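Student: Chains as they are written, first to last, in the authors' numbering: chain I, 37 to 66; chain Z, 35 to 149; chain o, 22 to 102; chain R, 10 to 148; chain W, 49 to 148; chain b, 2 to 149.
For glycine and all other residues, C-beta sits at the position ideal for the given N, C-alpha and C.
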RNA sequence: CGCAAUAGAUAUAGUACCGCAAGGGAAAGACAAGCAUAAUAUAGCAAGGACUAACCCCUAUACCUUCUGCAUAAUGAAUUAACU
RNA sequence: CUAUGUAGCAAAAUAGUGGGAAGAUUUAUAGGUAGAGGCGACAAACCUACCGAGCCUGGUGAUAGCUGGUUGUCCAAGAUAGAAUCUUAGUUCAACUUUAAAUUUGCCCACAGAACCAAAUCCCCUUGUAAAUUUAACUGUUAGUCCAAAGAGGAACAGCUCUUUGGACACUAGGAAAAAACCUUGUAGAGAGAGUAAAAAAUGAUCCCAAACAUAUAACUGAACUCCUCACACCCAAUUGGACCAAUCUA
RNA sequence: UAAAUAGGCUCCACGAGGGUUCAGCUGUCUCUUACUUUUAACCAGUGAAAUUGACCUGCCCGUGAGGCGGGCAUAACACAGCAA
RNA sequence: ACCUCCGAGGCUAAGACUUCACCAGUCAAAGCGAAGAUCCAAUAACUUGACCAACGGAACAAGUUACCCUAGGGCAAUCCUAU
Ligand SMILES: [Mg+2]
Ligand SMILES: [Mg+2]
Ligand SMILES: [Mg+2]
Ligand SMILES: [Mg+2]
Ligand SMILES: [Mg+2]
Ligand SMILES: [Mg+2]
Ligand SMILES: [Mg+2]
Ligand SMILES: [Mg+2]
Ligand SMILES: [Mg+2]
Ligand SMILES: [Mg+2]
Ligand SMILES: [Mg+2]
Ligand SMILES: [Mg+2]
Ligand SMILES: [Mg+2]
Ligand SMILES: [Mg+2]
Ligand SMILES: [Mg+2]
Ligand SMILES: [Mg+2]
Ligand SMILES: [Mg+2]
Ligand SMILES: [Mg+2]
Ligand SMILES: [Mg+2]
Ligand SMILES: [Zn+2]
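Set out below in structure tokens:
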């Protein structure tokens, strides 16, 4: 689990998965 | 090893979603590119230092004009990450032998006469 | 220690550069000519420019020498009287 | 002895004259005066960059103080005077804050006005008529 | 050792110039390209070099090849590379020598 | 070096440009040897440049004498009392003309570090800042946490 | 187009002095450093930017030579003058 | 044998304690043995304080692939393939560098093309460029460190030896705390002008270690990069080219 | 010896040779103490030497340490000790 | 690579290739005729050889310096332990 070069770190951070927000919260609506 | 990068052509294919996102058009493309350097040649391989020295982009931002023909694009596809390319716009036409000394290039990329 | 903690400012800087280069991708997928159309249209200018380089390189030679410059050095003893 | 330097005195005094104001033996002994004088001149050269940087940071501090006197941070003042197309720089902004308080009061009022116009515009839906101060003047 | 091509396609090669130095027969000789004892390929006639893919029909006098072609199905063929030199200049010209 | 050098503030002689500009240089003495080799540029200047300079500056009294006998020099005197010497030995006529014009184009103050680049005698118009500008006042002038 | 008292001979002298001896072999005669007048005051390569103001504020890892760069890793320098 | 002394009283002494003290003892005086030699109850012991080879003068300014040094101003080009060598602490050739000179193509580069048994590489029409080859003449460097990557050796580790492609360093400047090797940035001066680049954390042994802060609109700050007013030869080692010049003597 | 890795070809005499043991003796020690002399510290005279880049010469933690970074401390100045 | 696995000691002539120098080495159209270095020695000769295998080769030289002197340089495969 070695460390990464810093620029590879930034590339991994910027390209991180962002999930699609659900239209409504399930708790307060089916 | 570290080697020159051959970019697949698939990337250089404007989509119907890209066309309305920038002020362009598939048909009737644009004559000249206005190109500026926004990154250092240092810390990059020599086959980019030489390209930049050839396109006249030695100095920093300092915009410079080039043809939009594939013989030059092949060079700009190697240094595409150290430059900003915008398309020159001529909404008043090429200047005449008069109005050469009274031109001006606005930040939007339009060449105009008498400011 | 060795690992770092990539900030938000760095992410925003990187996204700025990514967007600029995506625009660059776009402005290179539409050339005015094709490979065959362009061929030769700049030949005359290139030939004349290299001929200018040649004529510059083949003109080196010592400068002239004038008698006036040599005799002007006698002025280093000019006196009033 | 055919040739002997007859004027080493003046070459020494050329370097000591720049060290009379030093402290220690290194204001009369050449072997030390030279090294410290050279360091002095190198700092003298390299210090102009810091002079500019420091005066600018002093001006930013004074402007932050003055602008906070009127309930308005420094990001707002500069980032919303330019949106009113006033190209006053920071030296003259500091001078106004110290020596012309009411003019600076007016400039701060203008900045707050433009800030409010921006907030109101962005809060709205569409391109409703622009603010009375938010209208750009073209060249 | 440097056993590789030394004149690539579309190069002007004069008489006697070596086209390719090889160990095995990677590139077989073609039109105007001669072979030496060490399998070097050299340009017999001044011209321009080209590379092509052709059909292979070995000498019956040779044995290690005349038999392998005998072990191939109907409709089979051994294709192989060749290097030719299309000659550039003509053999000669005729000029007036005497008007008698 | 700055620390190792005097300094002054930006100033003029007698509020020079306020009423009427006055030219500070008032006297200029040239010593030119009639024979010395170092006095060649000086001799050229006197022979073909000093008359024109005298005409262009009628407030400057220019004396020229021929008794240093080996070395020239120009001594410029000003209204405010300052003197200033300059060497013109082994210099060209172009250099001497440029120098003499420079002398005639400056006030006789000291050439030292000007601390400020702007000198103003009435720096404030609206009243210089003091900690009670931009600060309110309260009823009857009470300090915080008072009673009466 | 040789030196001018650290040069020119080593030389005022092969003396003084060193060595048992062979032998070695000098010096000199006509306001530099160091101090005193006047000890010092938080803080730090001793300076620079400055400042009304000496300190206080901000900046600032001595020099030469050797090792791939060397925080001084190591070598050399108390300092002045002359000679090199 | 111990203590003092260690620039000491002394370049081996002082105080005590000790061995011999009619003998192979100790000792004054003159003579002899002379340096690869003498003498030696052999310890490489001693031959005028320093003997595994005295001392002085001469050859001698010994030689030194080793250490140390090498003196005015300013500008400019300028760096890590390799081969042989009683050779790896060095030299010669090449490669690279510099100057002067001649000539005309040099670099980048698509399409075509390079075998049977993944990155890319080679080659050229055009195109962007202005450089490249050749000749004359010299010196200097040469088997460097770190980082990304692909391999071989040691685990796939030991911050490990080696080969290759690239970058940086030994050159400027700003950042990550200090920071040669990461990120940003080069062509140089003055300015009390301006715009930017990179750049902030999330959820065992002397003495913890910036202080703080959950919610006032996202922009601002930030270089020698760039723009601005003026001026311009005026920020690399070894090396190489050039412009000036202090002081002395002579005409 | 309480306890031991130590000591225990024949061949008188001798040894500042090496090892061991009995008995005694004693500040060697358990455990140091007092006094005297020299040294010492002060006054007066005479007066060196190694050493020395410059110093306006702090502590803790980190980096790779009086001097760098981040915290802490901090009016100046002798005299006698100590040795991290 | 003391990394990974094995052996060897006819003449003339355009043009080229090469073991990253040089020295060596290599291919060759046409044309004419037939089908491991240098120096040394013996030599009329046409030319000739061993060593140079430390194989770019001193013509012929080993063991050793505890008496030495000078110039200088100086995140463990196998494992121990706790959850
Ligand atoms: Mg700035
Ligand atoms: Mg003498
Ligand atoms: Mg003498
Ligand atoms: Mg003095
Ligand atoms: Mg230290
Ligand atoms: Mg020392
Ligand atoms: Mg010598
Ligand atoms: Mg050697
Ligand atoms: Mg340069
Ligand atoms: Mg080509
Ligand atoms: Mg610049
Ligand atoms: Mg005995
Ligand atoms: Mg005393
Ligand atoms: Mg420490
Ligand atoms: Mg003390
Ligand atoms: Mg070769
Ligand atoms: Mg034939
Ligand atoms: Mg050998
Ligand atoms: Mg060999
Ligand atoms: Zn709920």
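For chain o, is any of its Cβ atoms less than 9 Å away from the one on residue 74 of chain b?
Tutor: no
Student: What does the alpha-carbon distance come out to for the pair residue 78 of chain R and residue 107 of chain R?
Tutor: 12 Å
Student: In chain o, which residues lie with their C-beta within 9 Å of the C-beta of residue 126 of chain Z?
Tutor: Chain o residues near residue 126 of chain Z: none, gap ~20 Å exceeds 9 Å.
Student: Using 8 Å as the cut-off, classify the Cβ of residue 63 of chain I as near or not near the heavy atoms of ligand 20, replying yes or no.
Tutor: yes
Student: How many Å lie between residue 202 of chain W and residue 70 of chain W at the Cα?
Tutor: Here chain W covers residues 49 to 148 and nothing more, so residue 202 of chain W does not appear.
Student: Just the C-alpha distance for residue 100 of chain b and residue 81 of chain o, rounded to the nearest angstrom, thanks.
Tutor: Roughly 39 Å between the two C-alpha positions.
Student: Closer than 9 Å, CB to CB, is residue 45 of chain o near chain Z or not?
Tutor: Taking 9 Å as the CB threshold, residue 45 of chain o lines the interface with chain Z.
Student: Need the endpoints of the alpha helix (DSSP H) that residue 35 of chain R sits in, please.
Tutor: Unbroken run through residue 35 of chain R: none, as it is neither H nor E.
Student: Considering just the uninterrupted stretch of the beta strand (DSSP E) at residue 66 of chain b, what are its terminal residues?
Tutor: 62-66
Student: Should residue 52 of chain o and residue 117 of chain Z be called a contact, given that it needs their Cβ atoms to be closer than 9 Å?
Tutor: no
Student: Note down, in chain order, every chain o residue with its Cβ under 9 Å from the Cβ of residue 35 of chain b.
Tutor: 100, 101 and 102
Student: In its own chain, which residues sit with a C-beta less than 7 Å from the C-beta of residue 151 of chain R, not counting the 5 before and 5 after it?
Tutor: The requested residue 151 of chain R does not occur in the structure, where chain R is confined to residues 10 to 148.
Student: Any contact of the segment 5-25 of chain b with the segment 113-133 of chain W, i.e. 3+ C-beta pairs under 8 Å?
Tutor: no
Student: So residue 112 of chain R contacts chain b; which residues on that side make the cut at Cβ distance below 7 Å?
Tutor: Within 7 Å Cβ-Cβ: 127.
Student: According to DSSP, is residue 20 of chain b part of a helix, a strand, or is it coil?
Tutor: coil
Student: So is residue 96 of chain o in contact with chain b if we call contact Cβ pairs under 9 Å?
Tutor: Taking 9 Å as the CB threshold, residue 96 of chain o lines the interface with chain b.
Student: Hey, would you say residue 102 of chain W sits closer than 9 Å to residue 133 of chain W, going by beta carbons?
Tutor: Residue 133 of chain W is positioned such that its CB atom lies no closer than 9 Å to that of residue 102 of chain W.
Student: Is residue 95 of chain W helix, strand or coil by DSSP?
Tutor: strand
Student: Near residue 142 of chain Z, which residues of its chain fall below 8 Å by C-beta distance, leaving aside the five closest residues on each side in sequence?
Tutor: 123
Student: Can you name, in chain order, every residue of its own chain whose Cβ lies under 6 Å from the Cβ of residue 130 of chain W, other than the five neighbours on each side?
Tutor: Hits under 6 Å: 76, 78, 100 and 102.
Student: Any beta carbon from chain b within less than 9 Å of residue 125 of chain R's own beta carbon?
Tutor: no
Student: Taking CB distances under 9 Å as the criterion, tell me whether residue 41 of chain b reaches chain o.
Tutor: yes
Student: List, from N- to C-terminal side, the alpha helix (DSSP H) runs of 4 residues or more that fit wholly inside the segment 49-78 of chain o.
Tutor: Complete alpha helix (DSSP H) runs here, min 4: 56-59 and 64-78.
Student: So residue 23 of chain o contacts chain I; which residues on that side make the cut at Cβ distance below 7 Å?
Tutor: 39
Student: Would you report the Cα separation of residue 62 of chain I and residue 56 of chain I, rounded to the nearest angstrom?
Tutor: 14 Å
Student: If distances are taken between C-alpha atoms only, which option among b/21, b/18 and b/69 comes closest to residue 36 of chain b?
Tutor: When only C-alpha atoms are compared, the closest one is b/69.
Student: Where DSSP assigns a beta bridge to residue 117 of chain Z, which residues make up the other side?
Tutor: Looking at the DSSP assignment, residue 117 of chain Z forms a beta bridge with Z/71.
Student: Would you kindly work out how many angstroms separate the C-alpha atoms of residue 145 of chain Z and residue 121 of chain Z, rounded to a whole number?
Tutor: 11 Å
Student: So residue 59 of chain o contacts chain Z; which residues on that side make the cut at Cβ distance below 9 Å?
Tutor: 101, 103, 104 and 105
Student: Check the Cβ of residue 49 of chain R against every Cβ in chain b and list those closer than 7 Å, keeping chain order.
Tutor: Against chain b, the beta carbon of residue 49 of chain R has neighbours under 7 Å at 2, listed in chain order.
Student: On the three-state DSSP scale, how would you describe residue 86 of chain b?
Tutor: strand
Student: Is any beta-carbon of chain o found at less than 9 Å from that of residue 47 of chain I?
Tutor: yes
Student: Hey, out of W/98, W/127 and W/87, whose CA is closest to residue 106 of chain W's CA?
Tutor: W/127
Student: Specify the secondary structure class of residue 43 of chain I as computed by DSSP and reduced to three states.
Tutor: Residue 43 of chain I sits in a helix when the DSSP states are folded into three classes.
Student: Relative to the C-alpha of residue 57 of chain W, which candidate in W/111, W/98 and W/125 has its C-alpha closest?
Tutor: W/98
Student: So, does the segment 36-56 of chain o touch the segment 86-94 of chain Z, judging by three or more C-beta pairs under 8 Å?
Tutor: no
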